[PDB]
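Input: a single structure, listed below in structure tokens.
Values quoted throughout were computed directly from the atomic coordinates according to the rules given, and no laboratory measurement underlies them. Note: ideal-geometry Cβ built from the backbone for every residue, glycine included; neighbour counts use all protein chains shown.
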Amino acid sequence: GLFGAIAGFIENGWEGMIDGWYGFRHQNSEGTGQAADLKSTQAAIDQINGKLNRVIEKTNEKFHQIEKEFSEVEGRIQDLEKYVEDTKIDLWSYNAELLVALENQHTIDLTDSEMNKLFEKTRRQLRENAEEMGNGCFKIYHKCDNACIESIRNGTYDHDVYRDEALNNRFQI
Amino acid sequence: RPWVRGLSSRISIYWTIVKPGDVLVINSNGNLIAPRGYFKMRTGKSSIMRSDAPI
Ligand SMILES: *[C@@H]1O[C@H](CO)[C@@H](O[C@@H]2O[C@H](CO)[C@@H](O[C@@H]3O[C@H](CO)[C@@H](O)[C@H](O)[C@@H]3O)[C@H](O)[C@H]2NC(C)=O)[C@H](O)[C@H]1NC(C)=O
Ligand SMILES: *[C@@H]1O[C@H](CO)[C@@H](O)[C@H](O)[C@H]1NC(C)=O
């Protein structure tokens, strides 16, 4: 949406990731793996469930009102009675339409936003030790086994610990 | 009037609400279809609906 990550710079989604909404896929020396990011996944969920509650909140609750179906023709009062209901239904039918179109647009942008935030954050962790391949993947210019990937994923990766190694491979080997 | 259940005469119904401390006074010289008391009035969540739907 407004951001460019979803259906944007991230070519497509992973039909296989069934444990989270947003996630990681790496390929190091030891092999390949996948893991959902529970943190960003819950931010999107919380926000969506938050609007869901607002929307499907608490009901009209009306009792004795006015008649809406008529068996005999009467003119003036009956005319006005019907117009009152008609213009009402019309105004509530617009509200419902618009409300659903606004929310939907926002839900998309918002979920596009949480993707793009996962990216920048992960990007800010890698410091000078990586480059962005432009497809949502970072090329890590240093040996990174599984415990190394895990630290990125869990937010504890220290970039100094691999900087020079990184810098070396990066800048003309 | 057209025959309706034998008859060709009719009866017109009217009503009167008596507020506390006020008095009702029926006064006539014929054709009256007098009352037999009053119905209590309650304000609340009640209403009415037309439907041949099962309950
Ligand atoms: C004014 O005209 C009306 C309209 O024609 C007259 O009403 C008619 O009165 C007769 C009784 O003389 C009604 O007859 C009944 O018909 C039923 C239904 O089939 C039957 O069960 C009985 O055996 C009897 O014959 C007739 O229905 C009724 N017509 C209508 C259309 O309601 C009325 O009598 C006239 N009054 C005067 C004072 O001239
Ligand atoms: C991050 O990764 C390393 C390697 O597996 C581990 O020692 C560290 O404690 C992890 N932190 C969390 C919060 O899981």
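Quick notes on this one:
- Across peptide B:42-50, the mean count of Cβ atoms from other chains lying within 10 Å of each residue's own Cβ comes to 2.
- Less than 5 angstrom separates the built amide H of A:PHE138 from those of A:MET133, all sequence-distant by 5 or more or on a different chain.
- Applying a 4.7 Å cutoff between beta carbons, the unpaired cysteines of the protein assembly as shown are A:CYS137.
- Listed cross-link partners A:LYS62/B:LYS19; A:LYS39/A:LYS121; A:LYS68/A:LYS88; B:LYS19/B:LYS40 are compared with a 18 Å cut-off, the Cα-Cα value being larger for A:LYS62/B:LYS19.
- Between A:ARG170 and B:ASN31, the simple spin-label model (points 7 angstrom out along Cα→Cβ) gives 10.6 nm.
- Calculated from backbone phi, Karplus (6.51, -1.76, 1.60) coupling profile of region A:139-147 in Hz, x at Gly/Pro: 8, 8, 7, 6, 5, 9, 7, 5, 5
- Here region A:1-85 yields Rg over Rh of 1.42, to two decimals, using C-alpha coordinates and the Kirkwood radius.
- Of the three principal axes defined by the Cα atoms of region A:60-123, the extents in descending order read 73, 21, 14 Å.
- The three principal axes of the C-alpha atoms in region A:131-173 carry coordinate ranges of 30, 26, 14 Å, sorted with the longest axis first.
- Remark: spin-label model distance A:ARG163-A:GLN42 equals 3.3 nm, labels positioned 7 Å along the Cα→Cβ axis.
- Where a label projected 7 Å from the Cα of A:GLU150 along Cα→Cβ would reach, residues of region A:29-67 with amide N under 19 Å: A:29-39
- Nearest 10 degrees, 0 to 90: helix A:38-55 Cα axis against chain A principal axis: 10
- Coupling constants for region B:38-46 follow from the phi torsions by the Karplus curve (6.51 cos²θ - 1.76 cosθ + 1.60, θ = phi - 60°), and in residue order they are 10, 9, 6, 9, 10, 9, x, 7, 8 Hz; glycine and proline get x.
- Where both bridge residues fall in chain A, DSSP classifies roughly 90% of the beta bridges as antiparallel.
- For the protein assembly as shown, dividing the convex hull volume of the Cα atoms by the residue count gives 286 Å³ per residue.
- As computed over chain B, the Cα convex hull volume per residue (Å³): 185
- Label sites at A:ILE108 and A:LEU80, each approximated as a point 7 angstrom past Cα along Cα to Cβ, lie 4.6 nm apart.
- Measuring between their Cα centroids, region A:50-87 and region A:24-41 lie 54 Å from each other.
- Cα-based radius of gyration of region A:44-173 once divided by 2.2 N^0.38 Å, which approximates compact folds: 2.09
- Taking amide H positions as modeled 1.01 Å from N, with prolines and chain starts lacking one, the residues under 5 Å from A:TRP21 and 5 or more places away or on another chain are A:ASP37, A:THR41.
- Distant-in-sequence amide H partners of A:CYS144 (H built 1.01 Å from N, under 5 Å): A:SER29
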